[PDB]
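K.L.:
Pasting in a structure now, in structure tokens, and then I'll have a few things to ask.
What follows is the structure in structure tokens.
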């Protein structure tokens with residue numbers, strides 16, 4: 127019955143993406159603030175089931191963008207070799223703060239709730255490309271905060 | 127208990143209208159953006175239970191309007207002959223996009239939720255002239271999006 | 127669980143007030159628009175259980191006000207004589223529209239929802255002076271509309 | 127399912143804080159309007175389980191601030207002596223109104239709802255540093271009102 131979330135930022139229990147072993151993997155990250163390439167080196171970190179860094183994708187070419195941005199991953203590691211199938215965490219660091227010496231942060235499975243969908247009887251959140259059940263959401267707050 | 131949907135755009139499972147066989151049929155269509163007659167030929171298409179085009183109503187005279195607009199249909203086809211009673215789909219195309227070569231779209235049974243009504247204990251959505259049960263709604267989002 | 131109504135206009139199934147037979151009766155009416163004394167003769171009509179006009183209270187002295195306004199009724203009719211105890215409907219007409227020749231309207235038991243209260247476990251709506259259970263509400267919409 | 131309360135001011139059944147008997151006690155108070163040191167003497171009152179004033183913390187140094195402010199209490203009384211462990215109420219008075227001769231008021235366990243969190247399946251309100259279950263909330267309203 128509640129669609130009050132629409133427009134709020136949502137955080138979910140989905141932090142990872144399944145890689146089938148072969149085919150490339152499209153995914154969406156939400157950037158609360160505008161990407162500034164001059165402030166640090168912004169990038170995406172792709173991590174395996176044991177927190178091992180497997181691929182790093184630089185974000186510098188997306189300077190000046192904000193909000194949902196789509197990306198692909200060929201499924202290869204840093205050397206260029208295909209990785210084992212499985213679940214992989216996808217996080218990002220951007221906009222090094224001059225004062226605090228800290229990067230702003232984001233990851234797969236959080237972002238602005240753009241619409242609410244009822245699939246059969248059940249409710250579902252559209253968060254860019256991702257469409258998740260309501261029960262997966264673990265926190266809500268307004269933009270430009272937290 | 128939730129009226130959070132007031133002000134949101136709603137999409138419902140109601141896509142059609144029953145024509146009794148004789149009396150004219152009033153109906154409401156919601157226009158998200160302002161009708162521009164210079165951009166394509168805007169019109170309403172009225173379709174029977176087998177997707178056969180039965181009547182076309184030109185929208186050019188409503189240039190410059192937006193939001194809910196009311197319309198009538200005498201129940202006649204393009205030749206001027208009354209059609210069988212039954213259920214008829216009502217869609218519209220407007221504002222041909224110069225770049226994409228695609229029309230914006232709307233139909234009966236979607237639009238801004240203007241109020242929420244409680245019939246007996248049960249809740250209902252006012253969407254222009256139409257008043258539908260909440261359970262009929264299949265998606266919600268904010269205006270000027272999707 | 128839902129407080130989304132706060133800030134919306136609410137309409138309830140409470141349309142009347144009990145008069146005990148003797149003591150005066152305080153009550154609250156909500157004025158969607160600013161009272162204009164030059165446009166018609168604005169007033170409150172007090173009606174008994176059989177729709178009989180019992181007292182009329184002129185509103186002209188409240189020109190220029192809007193929103194919740196409090197009033198009292200001594201419990202007397204137009205002649206000055208105390209009326210039978212019981213339930214009495216309280217409506218008002220104000221701001222005669224020059225074009226439509228129609229008065230704007232309001233009554234006891236509708237208005238802006240100013241807060242939501244949880245009394246013991248149960249939820250409750252503050253609507254000026256009146257505090258009603260949520261189940262009494264029969265419609266919701268935003269200000270300056272309907 | 128409802129997060130409509132995000133952005134609203136909340137009042138809860140939590141009015142006190144447990145002091146363990148030794149370690150200092152961090153806490154948050156919400157200031158609806160900007161602290162004006164020139165208007166009265168603004169301060170926090172800390173009260174024991176029998177409404178006995180135990181410590182007073184002056185607020186004058188926080189002139190010009192508004193919203194959630196964090197504070198600590200060493201757990202000592204006005205003489206400088208550690209107090210018995212237990213539950214202690216924490217209220218504040220600020221901004222003496224020239225006309226009414228009354229202080230504005232606040233206390234621990236009310237304020238703006240900044241986010242909504244789901245612990246396991248269950249919902250929770252972030253109100254500055256405090257995180258409370260939804261069931262603890264006893265009233266909601268919009269800012270700058272009540």
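Chains as they are written, first to last, in the deposited numbering: chain A, 127 to 272; chain B, 127 to 272; chain A', 127 to 272; chain B', 127 to 272. A prime marks a further copy of an entry chain. For every residue, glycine included, the Cβ atom is placed at its ideal position computed from N, Cα and C.
Drop a sphere of 10 angstroms on the beta-carbon of residue 155/B', count the other beta-carbons inside from all chains shown, and report buried for 16 or more, exposed for fewer.
P.N.:
In the fourth chain, the residue the question calls residue 155/B' occupies position 29. Result: buried.
K.L.:
Just to confirm the assignment, what range does the beta strand (DSSP E) spanning residue 169/B' have?
P.N.:
Locating residue 169/B' in the fourth chain gives position 43, counting from the first residue. Element bounds for residue 169/B': 169 to 173.
K.L.:
Please compile the residues from chain B whose C-beta is within a distance smaller than 9 Å of the C-beta of residue 240/A.
P.N.:
The residue given as residue 240/A occupies position 114 in the first chain. Near residue 240/A (Cβ distances below 9 Å), the residues of chain B are 267, 268, 271 and 272.
K.L.:
Assess contact between the segment 249 to 264 of chain B' and the segment 171 to 191 of chain B', defined as three or more Cβ pairs (one per stretch) separated by less than 8 Å. Is contact present?
P.N.:
Not touching, per the Cβ criterion.
K.L.:
Once DSSP output is grouped into helix, strand and coil, what is the label at residue 130/B?
P.N.:
For the purposes of this step, residue 130/B is taken as residue 4 along the second chain, with counting starting at 1. Three-state DSSP puts residue 130/B in coil, outside helix and strand.
K.L.:
DSSP state of residue 139/A', grouped into three classes?
P.N.:
Position 13 of the third chain, counted from the start, is the residue given in the question as residue 139/A'. If DSSP states are grouped into helix, strand and coil, residue 139/A' belongs with coil.
K.L.:
Would you mind telling me which residues of chain B' sit closer than 8 Å to residue 134/A, beta carbon to beta carbon, in chain order?
P.N.:
For this step, residue 134/A is matched to residue 8 along the first chain. Within chain B', the residues near residue 134/A are 129 and 132.
K.L.:
In or out: residue 129/A buried (at least 16 other Cβ within 10 Å) or exposed?
P.N.:
Residue mapping note: residue 129/A aligns to position 3 of the first chain, counting from 1. Label assigned to residue 129/A: buried.
K.L.:
Determine, using beta carbons only, whether residue 264/A' comes closer than 8 Å to chain B.
P.N.:
The count along the third chain starts at 1 and reaches residue 264/A' at position 138. So yes, residue 264/A' belongs to the interface.
K.L.:
Tell me, please, whether the CB atom of residue 183/B' is closer than 8 Å to any CB atom in chain A?
P.N.:
Sequence index remark: in the fourth chain, residue 183/B' carries index 57 (1-based). False, the Cβ-Cβ gap to chain A never drops below 8 Å.
K.L.:
Whole-angstrom Cβ separation of residue 163/A' and residue 189/A', contact assumed at under 8 Å?
P.N.:
Translated into positions along the third chain, residue 163/A' becomes position 37. Translated into positions along the third chain, residue 189/A' becomes position 63. So it is a contact: roughly 4 Å between Cβ atoms.
K.L.:
Report the neighbours of residue 244/A' on chain B': residues whose CB is nearer than 8 Å to its CB, in chain order.
P.N.:
What you label residue 244/A' is simply residue 118 of the third chain in a count that begins at 1. In chain order: 263, 264 and 265.
K.L.:
If distances are taken between C-alpha atoms only, which option among 160/B', 264/B', 240/B' and 256/B' comes closest to residue 248/A'?
P.N.:
The sequence position of residue 248/A' within the third chain is 122, counting from 1. Checking every option, the nearest Cα to that of residue 248/A' belongs to 264/B'.
K.L.:
Counting along the chain, where does the beta strand (DSSP E) carrying residue 152/B start and finish?
P.N.:
Residue numbering aside, residue 152/B sits at position 26 when the second chain is read from its first letter. Residue 152/B -> beta strand (DSSP E) spans 151 to 157.
K.L.:
For residue 161/B', which three-state DSSP category applies?
P.N.:
One-based indexing of the fourth chain puts residue 161/B' at position 35. In this structure, residue 161/B' counts as coil in the three-state DSSP scheme.
K.L.:
Quick one, are the C-beta atoms of residue 141/B' and residue 234/B' less than 8 Å apart?
P.N.:
For the purposes of this step, residue 141/B' is taken as residue 15 along the fourth chain, with counting starting at 1. For the purposes of this step, residue 234/B' is taken as residue 108 along the fourth chain, with counting starting at 1. A contact, by the Cβ cut-off of 8 Å.
K.L.:
Please list the terminal residues of the continuous beta strand (DSSP E) segment that includes residue 248/A'.
P.N.:
The sequence position of residue 248/A' within the third chain is 122, counting from 1. Unbroken beta strand (DSSP E) run through residue 248/A': 248 to 253.
K.L.:
To the nearest angstrom, report how far apart residue 240/B' and residue 145/A are at their CA atoms.
P.N.:
Residue 240/B' sits at position 114 when you count from the first residue of the fourth chain. Residue 145/A sits at position 19 when you count from the first residue of the first chain. Distance between the alpha carbons of residue 240/B' and residue 145/A: 36 Å.
K.L.:
For the beta strand (DSSP E) containing residue 257/B', name the first residue and the last one.
P.N.:
Counting from one through the fourth chain, the residue named residue 257/B' turns up at place 131. That run of the beta strand (DSSP E) goes 256 to 259.
K.L.:
Alpha carbon to alpha carbon, how far is residue 271/B' from residue 147/B'?
P.N.:
Taking the first residue of the fourth chain as 1, we reach residue 271/B' at position 145. Taking the first residue of the fourth chain as 1, we reach residue 147/B' at position 21. Their backbone Cα atoms lie some 38 Å apart in a straight line.
K.L.:
Which ranges would you report for the beta strand (DSSP E) in the segment 192 to 218 of chain A' if only whole runs of at least 3 residues count?
P.N.:
Segments of the beta strand (DSSP E) lying fully in the segment 192 to 218 of chain A': 193 to 199.
K.L.:
Leaving aside the five residues before and after residue 267/B along the sequence, list all residues of the same chain whose C-beta is less than 6 Å from its C-beta, in chain order.
P.N.:
Counting from 1 along the second chain, the entry for residue 267/B is found at position 141. Once the five neighbours on either side are set aside, the close Cβ partners of residue 267/B are 135.
K.L.:
Please classify residue 207/A as buried or exposed, where buried requires at least 16 other C-beta atoms within 10 Å of its C-beta.
P.N.:
For the purposes of this step, residue 207/A is identified with residue 81 of the first chain, where counting begins at 1. By the 10 Å Cβ count, residue 207/A comes out exposed.
K.L.:
Does DSSP classify residue 229/A as helix, strand or coil?
P.N.:
As a working mapping, residue 229/A is identified with position 103 in the first chain. Residue 229/A: coil per DSSP, three-state reduction.
K.L.:
Taking residue 236/A and residue 138/A to be in contact with their CB atoms under 8 Å, please state how far apart those CB atoms are, rounded to whole angstroms.
P.N.:
Locating residue 236/A in the first chain gives position 110, counting from the first residue. Locating residue 138/A in the first chain gives position 12, counting from the first residue. Confirmed, Cβ separation roughly 6 Å.
K.L.:
Taking buried to mean at least 16 other C-beta atoms within 10 Å of its own C-beta, is residue 201/A buried or exposed?
P.N.:
As a working note, residue 201/A is residue 75 in the first chain. The residue is buried, with at least 16 neighbouring Cβ atoms inside 10 Å.
K.L.:
Take residue 225/B' as the anchor and find which of 166/B', 211/B' and 216/B' has the nearest alpha-carbon.
P.N.:
In the fourth chain, counting from the first residue as 1, residue 225/B' sits at position 99. Looking at the Cα atoms, 166/B' is the closest of the given residues.
K.L.:
Where does the unbroken beta strand (DSSP E) through residue 166/A begin, and where does it stop?
P.N.:
For the purposes of this step, residue 166/A is taken as the residue at position 40 of the first chain. Taken as a continuous stretch (DSSP letters only), residue 166/A belongs to no beta strand (DSSP E), as it is neither H nor E.
K.L.:
What did DSSP end up calling residue 241/A once you bin it into helix, strand or coil?
P.N.:
Here the question's residue 241/A lines up with position 115 in the first chain. Strand at residue 241/A.
K.L.:
Anyone know if the C-beta pair for residue 214/B and residue 143/B falls short of 8 Å?
P.N.:
To locate residue 214/B, count along the second chain from 1; it is residue 88. To locate residue 143/B, count along the second chain from 1; it is residue 17. Yes, they are a contact pair.
K.L.:
Compare the Cα-Cα distances from residue 204/A' to each of 193/A', 242/A' and 174/A' and report the closest residue.
P.N.:
Here the question's residue 204/A' lines up with position 78 in the third chain. It is 174/A'.
K.L.:
Of the residues 161/A', 238/A' and 245/A', which one's Cα is nearest the Cα of residue 187/A'?
P.N.:
Here residue 187/A' is taken as the residue at index 61 of the third chain, counted from 1. Residue 161/A' is the option with its Cα nearest to residue 187/A'.
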